[PDB]
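These protein sequences, in sequence, are chains A and B. Numbered by the deposited numbering, the letters in the first sequence go through residues 1 to 131, 138 to 217 in order. Residue numbering for the second sequence follows the deposited numbering, beginning at 1 and increasing consecutively. For each residue, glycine too, the CB sits at the ideal point set by N, CA and C. In what follows, a structure is listed as structure tokens, so that the remarks can point back to it.
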Amino acid sequence: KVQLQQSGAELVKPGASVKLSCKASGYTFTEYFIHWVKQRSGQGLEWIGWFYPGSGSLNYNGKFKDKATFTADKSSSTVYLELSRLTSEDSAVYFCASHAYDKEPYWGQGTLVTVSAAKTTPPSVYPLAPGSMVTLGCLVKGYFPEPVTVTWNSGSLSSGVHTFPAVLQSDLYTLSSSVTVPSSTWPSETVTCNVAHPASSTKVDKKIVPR
Amino acid sequence: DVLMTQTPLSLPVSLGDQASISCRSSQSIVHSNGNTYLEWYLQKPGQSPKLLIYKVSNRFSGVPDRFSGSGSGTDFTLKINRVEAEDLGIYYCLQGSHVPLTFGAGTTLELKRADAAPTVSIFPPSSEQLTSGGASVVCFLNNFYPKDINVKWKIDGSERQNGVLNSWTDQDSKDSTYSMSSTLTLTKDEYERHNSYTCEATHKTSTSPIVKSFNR
Ligand SMILES: CCCCC[C@H](O)/C=C/[C@@H]1[C@@H](C/C=C\CCCC(=O)O)[C@H](Cl)C[C@H]1O
């Protein structure tokens, strides 16, 4: 079976460089092309270039000539993509793909690259209480890195919940989560958001109380 | 470079529907060796794109036979015979005949449902955030359809643009709607110097915005 193993998620300081790896198995390494593809969050696929380990031949999309460098280590069936001087625009998932000439390609699972200068930081969690149904919320602000896990009432409240994708602002993540319940349930019953952040090994609760 | 133009940008479908989506290249993509390297991919959130069709019309191993590709020259089409839920996602075409290799911008297949206006809710800063010296005003625009929507912030009657951050959910697994969150962030100082805060939701279901506000 052709398999491509890509390296794990990278947290990269702004301005620094990073080297991503794609380790191949299940075929003669020197006889397949490797391509790299970029995908920014919520955007489409961009081709970076191709590299043929068996000769060292390569080609870059001109859009990436000052940003990407392909190399290989034949002794470990690995090809590398080095990205130089990272900016916010370089934050993306990077996929590698492999194929023999005139044959269909096999894709790796992708490597997430996130650019930020932040250190590990637990979230501040703030209650969102309103001024037949009622909508409540929690604002989960200023954490790093992803992910957090948000639940309501320790998971017993799952329907009517929207937890929104986090956004990076000033190098830290912010997200919100909403829950909608019958007015006959709140504030007469307890509604609490729970936020776990694995990187900081923290979990905090915030009960939503009327203003 | 070869421009790949996919249409439509989005296609609402019901399960069991026929679907047909198009990919047109700006120039011929017949390679000098005689082959046409045109591929179709389906991508779901958080996953790698999966290969469906290669060399115009060939189904990749393991791909259901309800998928078929055709075309010649600059004109290519992917068809689905009876859409199933696992077919929902974004479809990309890719030409591999001329470097640089280029992708289409994607066609989203999403589940059709009745149009629905957003449920809009606005929230002033928590006292906890204020005590900490910050101020975020949050607006939820929930369970609407279709996905296109616009939010506008107003402070004391005046439109605000800076300090607004938006986030959107994927189509809901249970009710097929979309939701959006909009957060206006301010310093505590500026927040206390104004009175009315307003978030306005413009959606196709109405001519006028849904307007939510509060006063300090
Ligand atoms: C993410 C891209 C995946 C691969 C797309 C497509 O399957 C590949 C097409 C290849 C074409 C373009 C790829 C690399 C150019 C290599 C030219 C050379 O052999 O010197 C070559 Cl000409 C043959 C064909 O197999």
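Opposing strand residues paired with residue i [DSSP bridges]
i: residue 215 of chain B; result: B:196
i: residue 94 of chain B; result: B:39, B:103
i: residue 137 of chain A; result: No coordinates exist for residue 137 of chain A; the numbering of chain A passes from 131 to 138 with nothing in between.
i: residue 151 of chain B; result: B:201
i: residue 74 of chain B; result: DSSP output for residue 74 of chain B lists no bridge partner at all.
i: residue 99 of chain A; result: A:33
i: residue 12 of chain B; result: B:110
i: residue 80 of chain B; result: B:19, B:67
i: residue 94 of chain A; result: A:38, A:111
i: residue 168 of chain B; result: B:180
i: residue 159 of chain B; result: B:154
i: residue 127 of chain A; result: A:144
i: residue 191 of chain B; result: Paired residues: none, contrary to the question.
i: residue 63 of chain A; result: Beta-bridge pairing links residue 63 of chain A to no other residue.
i: residue 31 of chain B; result: The partner list for residue 31 of chain B (beta bridge, DSSP) is empty, contrary to what the question assumes.
i: residue 200 of chain A; result: A:157, A:211
i: residue 48 of chain A; result: According to DSSP, residue 48 of chain A bridges with nothing at all.
i: residue 132 of chain A; result: Here chain A breaks off after 131 and picks up again at 138, leaving residue 132 of chain A without coordinates.
i: residue 89 of chain B; result: B:109
Cβ shell of residue i (< 6 Å), same chain only, five flanking positions each side left out
i: residue 121 of chain B; result: 140
i: residue 71 of chain A; result: 80
i: residue 7 of chain B; result: 22
i: residue 141 of chain A; result: 184, 186
Pairwise C-alpha distance: residue j and residue i
i: residue 209 of chain B; j: residue 40 of chain A; result: 31 Å
i: residue 113 of chain B; j: residue 176 of chain B; result: 7 Å
i: residue 33 of chain B; j: residue 145 of chain A; result: 57 Å
i: residue 92 of chain A; j: residue 148 of chain A; result: 21 Å
i: residue 109 of chain B; j: residue 15 of chain B; result: 11 Å
i: residue 173 of chain B; j: residue 76 of chain B; result: 31 Å
i: residue 164 of chain A; j: residue 53 of chain A; result: 50 Å
i: residue 111 of chain A; j: residue 22 of chain A; result: 9 Å
i: residue 134 of chain B; j: residue 192 of chain B; result: 11 Å
i: residue 200 of chain B; j: residue 169 of chain A; result: 21 Å
i: residue 73 of chain A; j: residue 50 of chain A; result: 16 Å
i: residue 94 of chain A; j: residue 47 of chain B; result: 12 Å
i: residue 23 of chain B; j: residue 211 of chain B; result: 40 Å
i: residue 104 of chain B; j: residue 13 of chain A; result: 32 Å
i: residue 43 of chain B; j: residue 78 of chain B; result: 15 Å
i: residue 186 of chain A; j: residue 126 of chain B; result: 18 Å
i: residue 103 of chain A; j: residue 42 of chain A; result: 29 Å
i: residue 124 of chain B; j: residue 125 of chain A; result: 15 Å
Own chain, CB closer than 7 Å to residue i, minus 5 neighbours either side, in chain order
i: residue 142 of chain B; result: 118, 119, 179
i: residue 28 of chain B; result: 73, 74
i: residue 206 of chain B; result: 117
i: residue 26 of chain A; result: 1, 2, 3
i: residue 172 of chain A; result: 152, 179, 180, 181
i: residue 7 of chain A; result: 20, 21, 111
i: residue 45 of chain A; result: 37, 39
Own chain residues within Cβ distance below 8 Å of residue i, not counting five before or after
i: residue 215 of chain A; result: 127, 129, 193
i: residue 111 of chain B; result: 12, 13, 14, 15, 85, 88, 171, 176
i: residue 56 of chain B; result: 36, 38, 69, 70, 71, 72, 76
i: residue 196 of chain A; result: 159, 213
i: residue 151 of chain A; result: 11, 114, 116, 118, 120, 179, 205
What residues in the stretch 76 to 107 of chain B bring their beta carbon closer than 7 Å to a beta carbon of chain A? 92, 99, 100, 101, 102, 103, 105, 106
Across the stretch 150 to 165 of chain B and the stretch 150 to 159 of chain A, are there enough close Cβ pairs to call them in contact, namely three or more that are closer than 8 Å? no
Between the stretch 171 to 198 of chain B and chain A, which residues of the former have a C-beta closer than 7 Å to a C-beta of the latter? 179, 181, 183
Counting Cβ pairs, one atom from each stretch, are 3 or more of them under 8 Å apart for the stretch 201 to 217 of chain A and the stretch 115 to 130 of chain A? yes
The stretch 134 to 157 of chain B: positions lying closer than 7 Å to chain A by Cβ: 136, 138, 140, 142
Could you tell me whether the stretch 73 to 91 of chain A touches the stretch 9 to 29 of chain A, where touching means 3 or more Cβ pairs closer than 8 Å? yes
Three or more C-beta pairs closer than 8 Å, one from the stretch 128 to 136 of chain B and one from the stretch 52 to 61 of chain B: is that the case here? no
Using Cβ-Cβ distances below 9 Å, what residues of the stretch 117 to 130 of chain A are close to chain B? 124, 125, 126, 127, 128, 129, 130
Interface positions of the stretch 182 to 214 of chain A facing chain B (Cβ-Cβ less than 8 Å), listed along the chain: 182, 184, 186
Does the stretch 181 to 191 of chain A come close enough to the stretch 92 to 101 of chain A that 3 or more CB-CB pairs lie under 8 Å? no
Taking contact to mean 3 or more Cβ pairs, one atom from each stretch, closer than 8 Å, check whether the stretch 177 to 196 of chain B and the stretch 91 to 101 of chain B are in contact. no
What are the residues of the stretch 44 to 75 of chain B that lie near chain A, defined by any Cβ-Cβ distance shorter than 7 Å? 48, 49, 51, 54, 60
Short-range partners of chain B found in the stretch 143 to 158 of chain A, where Cβ spacing is below 8 Å: 143, 145, 147
For the stretch 80 to 99 of chain A, which residues have a CB atom closer than 8 Å to at least one CB atom of chain B, in sequence order? 95
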